[PDB]
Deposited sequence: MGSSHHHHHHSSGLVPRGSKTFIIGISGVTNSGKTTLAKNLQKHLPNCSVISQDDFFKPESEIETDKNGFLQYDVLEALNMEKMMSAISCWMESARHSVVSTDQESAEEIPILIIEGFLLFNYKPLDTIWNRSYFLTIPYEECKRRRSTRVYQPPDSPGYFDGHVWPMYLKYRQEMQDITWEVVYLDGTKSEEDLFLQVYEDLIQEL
């Protein structure tokens, strides 16, 4: 019956998947769900005035399919001990109200504008980032999300994504040992 559910959010390229993976390998009976696995097909993505595909919005995501994956994990978690841990990591978690009571802990990776743009440029997407995509869409949708975070009623731990991978792992691991 009992579970421990962790949210890891933050801007694109802030190290969410990396952190989730480092935690998983050190925590027993731990799983990870990635929001990145639940994008709608390209044809269902809206395009704005400037021709920018709206990927960085809840409407780009099949959150019904994501919820069923979380329910599948819970059912598995029930038979996993003869406390199971789930880590949900993704760029748009904490503004999704159906999940607002799920979080036992809530982490938010932050990196500044320049570093985010730098990392984002080293990654190859499907389809590739158009020129101007970061300034015309990615960063604006991020600031909109941070504005939406201002009415979150529960505690969120903001993490500095420019710290080394191990530094971030230890910081979160130390926090978790104290919460579990």
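Chemist: According to the record, which stretches of the deposited sequence lack C-alpha coordinates?
Modeler: Deposited residues absent from the model fall in 1-18, 101-109.
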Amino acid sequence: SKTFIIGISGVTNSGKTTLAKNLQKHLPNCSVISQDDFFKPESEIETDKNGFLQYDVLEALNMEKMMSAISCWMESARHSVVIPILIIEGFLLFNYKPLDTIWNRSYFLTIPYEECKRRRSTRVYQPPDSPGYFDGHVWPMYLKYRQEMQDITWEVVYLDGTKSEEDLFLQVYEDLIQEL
From here on, numbers count along this sequence of modelled residues.
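Chemist: Where the other entries model residues on both sides, is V82 skipped in at least a third?
Modeler: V82: unmodelled in at least a third of the other compared entries.
Chemist: Taking the recorded C-alpha temperature factors, which stretch has the higher mean, 41-49 or 57-65?
Modeler: Mean B over CA atoms: larger for 41-49.
Chemist: If you average the Cα B factors in the entry, which is higher, 170-178 or 4-12?
Modeler: Stretch with the greater average CA B-factor: 170-178.
Chemist: I'd like to know which of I87, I83, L93, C72 has the highest C-alpha temperature factor in the PDB entry.
Modeler: If I rank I87, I83, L93, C72 by C-alpha B-factor, first place goes to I83.
Chemist: Given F134, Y142, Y125, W154, identify the residue with the highest C-alpha B factor in the PDB entry.
Modeler: Answer, based on the entry's C-alpha B-factors: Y125.
Chemist: Among the modelled residues of its chain, does the C-alpha B-factor of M149 lie in the lowest, middle or highest third?
Modeler: Highest third of the chain for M149's C-alpha B-factor.
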